[PDB]
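Contents: one structure, followed by commentary.
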Amino acid sequence: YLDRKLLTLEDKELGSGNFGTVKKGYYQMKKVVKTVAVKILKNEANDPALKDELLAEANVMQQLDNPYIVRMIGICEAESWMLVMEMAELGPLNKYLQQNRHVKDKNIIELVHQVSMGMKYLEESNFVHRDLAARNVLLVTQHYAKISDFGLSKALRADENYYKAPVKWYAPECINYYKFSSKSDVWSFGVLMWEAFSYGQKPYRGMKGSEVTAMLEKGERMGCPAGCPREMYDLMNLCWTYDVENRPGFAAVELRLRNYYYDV
Amino acid sequence: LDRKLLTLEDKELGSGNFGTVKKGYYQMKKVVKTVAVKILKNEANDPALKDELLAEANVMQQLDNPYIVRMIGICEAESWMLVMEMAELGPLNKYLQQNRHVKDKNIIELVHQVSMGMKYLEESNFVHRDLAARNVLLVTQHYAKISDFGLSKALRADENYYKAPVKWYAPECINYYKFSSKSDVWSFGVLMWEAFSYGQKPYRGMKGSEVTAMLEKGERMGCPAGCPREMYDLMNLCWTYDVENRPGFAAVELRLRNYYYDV
Ligand SMILES: Cc1nn(-c2ccnc(Nc3ccc4c(c3)c(C(=O)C3CC3)cn4C)n2)cc1CN1C[C@H](O)CO1
Ligand SMILES: Cc1nn(-c2ccnc(Nc3ccc4c(c3)c(C(=O)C3CC3)cn4C)n2)cc1CN1C[C@H](O)CO1
């Protein structure tokens with residue numbers, strides 16, 4: 001638990017969500033101060049669902065150590081509950097690409113490849129993310145991506161490869177059977193890839209959840225983004241494999257991205 | 001079709017005498033559509049395989065029914081390819097082999113859908129000539145479709161049979177090379193037997209000549225374990241020796257609909 005006295009928050013929020021606010025801050029550490037991004041729960045965290053989510057979020061991040069995952073500094077209880085993370089200065093991947101249409105496809109391949117390495121680590125750690133979307137990828141630089149937002153994440157039971165409980169990111173077995181696996185994160189990764197090469201457009205634009213579900217059950221898939229490398233669109237369709245057992249894991253996905261970046 | 005708009009997955013879904021079946025993705029008007037692609041072996045050097053694929057496609061282009069696999073098109077590239085709408089779960093026999101939990105009511109539903117596809121083919125005056133469980137494809141566990149029209153024939157206006165897989169063939173096919181919708185009904189009975197046997201092969205361990213003599217003696221395959229009695233009775237009606245006395249698919253479809261409604 002962090003000392004609210006060692007934390008300075010900037011008044012102007014970086015943004016907001018259903019949960020409350022994200023603020024920039026500075027946290028005094030040993031000798032230097034470190035720039036932090038602070039997730040702050042709305043209305044003094046009166047909502048127990050928000051309090052539960054933040055505590056589970058922190059519990060998961062405390063266990064993870066990987067260069068492509070956002071590091072948690074700690075949690076602070078004062079005026080509201082706050083989650084203190086190492087600042088990734090450029091912010092969410094989708095908003096950044098929306099405002100930077102000049103980013104090259106080779107650049108995008110690099111960033112989604114780093115996501116796949118973060119997710120390979122999570123997969124080998126037997127955690128499922130369950131909210132893998134472009135909005136939950138944070139940019140340290142234009143060439144350094146990190147995964148954040150573990151509010152929905154779960155550590156898997158040692159005897160099963162799925163957890164049994166954002167529909168546009170969810171695989172069929174999540175919608176049909178409430179079963180979340182690393183393979184279901186791979187499906188979401190495909191949508192995240194589609195968002196990245198669409199410079200941050202929303203997937204399945206203008207469709208209701210039930211309409212997305214029927215489209216996928218018919219065997220249809222989102223089309224290829226303008227200017228998207230063909231091999232990357234082929235990889236998205238492999239991520240959108242209907243059958244869980246046939247869909248690739250993150251080991252295979254990471255290797256495919258590594259090989260294709262080498263080719264570019 | 002434009003080979004540039006088709007992506008094929010390396011790992012085949014399976015193979016046969018003709019070559020391979022691969023999963024693919026075809027760019028449509030706006031979305032991409034998941035396809036199953038029949039690919040001829042050895043750059044389609046075999047003329048019999050090339051002729052079978054073009055006949056297959058000529059038949060499929062004419063058919064429009066929810067219980068028949070839809071053809072997207074043909075692609076002439078590294079080999080000749082037949083591009084179809086993907087039926088995700090694959091052939092009926094292999095599925096039931098790996099899913100013994102499937103319930104009899106469920107199997108009744110699946111063979112009834114085949115009988116509706118075949119009633120459409122019958123009223124269309126096409127003979128399938130290869131109606132077996134392996135040629136039924138599952139879209140879901142509750143939605144079956146007929147495929148594999150490589151042997152199918154459009155009937156002449158003046159006759160109800162074509163004159164040219166023995167274990168699926170009616171006596172008049174073996175004895176007289178005569179193929180009618182009634183001979184498809186005989187095959188459907190074998191297909192029903194396969195389905196309620198969870199994908200076991202019919203006449204296990206017998207040569208074709210031995211199958212033929214068995215049927216000419218009036219013997220038939222026995223009832224599969226746990227098969228509903230009315231369904232085994234319907235199989236025996238499908239195996240009516242006399243082609244004129246054997247039911248058509250109108251009557252067969254009706255029997256299956258009325259028996260399904262009884263549960
Ligand atoms: C759990 C979490 N960690 N985390 C984070 C971690 C490390 N560094 C940064 N840096 C940073 C820099 C500039 C930023 C933003 C963030 C930002 C927002 O976050 C807006 C969306 C609320 C808007 N701008 C301009 N952020 C943000 C969240 C929560 N969010 C993420 C999802 O998009 C929705 O809830
Ligand atoms: C003409 C034709 N159409 N067609 C088709 C059409 C639409 N959708 C699908 N989906 C699908 C999904 C999973 C599948 C398979 C197929 C599969 C095979 O086909 C194996 C048998 C070769 C193995 N797996 C796992 N297939 C398949 C064939 C040819 N075959 C069928 C007969 O069994 C013998 O030749």
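Keep in mind that the numbers below use all heavy atoms, side chains included, and drop hydrogens, waters and symmetry copies. So that the names make sense, note that chain A is the first sequence line, chain B the second, and so on, each numbered from 1. Start at 1 and go down the list; that is how both ligands and their atoms are numbered.
Within 4.0 Å of ligand 1, protein heavy atoms belong to A:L14, A:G15, A:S16, A:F19, A:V22, A:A37, A:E57, A:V70, A:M85, A:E86, A:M87, A:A88, A:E89, A:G91, A:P92, A:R135, A:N136, A:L138, A:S148, A:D149, listed by chain and number.
Among residues two or more places apart in sequence or in another chain, the salt bridge (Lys or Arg N to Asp or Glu O under 4.0 Å) test is passed with B:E88 by none. For A:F127, the ring-ring contact (aromatic ring centres under 6.0 Å, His included) test picks out no residue, with sequence neighbours left out.
A:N18 contributes atom CG, which lies 6.5 Å from atom CD of A:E53 (distance to the nearest 0.5 angstrom). In this structure, B:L53 CG and B:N58 CG are separated by 11.5 Å, a value rounded to the nearest 0.5 Å.
Listed by first and then second residue, the side-chain hydrogen bond (donor to acceptor under 3.5 Å, both in side chains) pairs that reach into residues 187-198 of chain B are B:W168-B:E194, sequence neighbours excluded.
Cation-pi geometry between B:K38 and B:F18 is met: the NZ or CZ atom falls under 6.0 Å from the ring centre, inside 45° of the normal.
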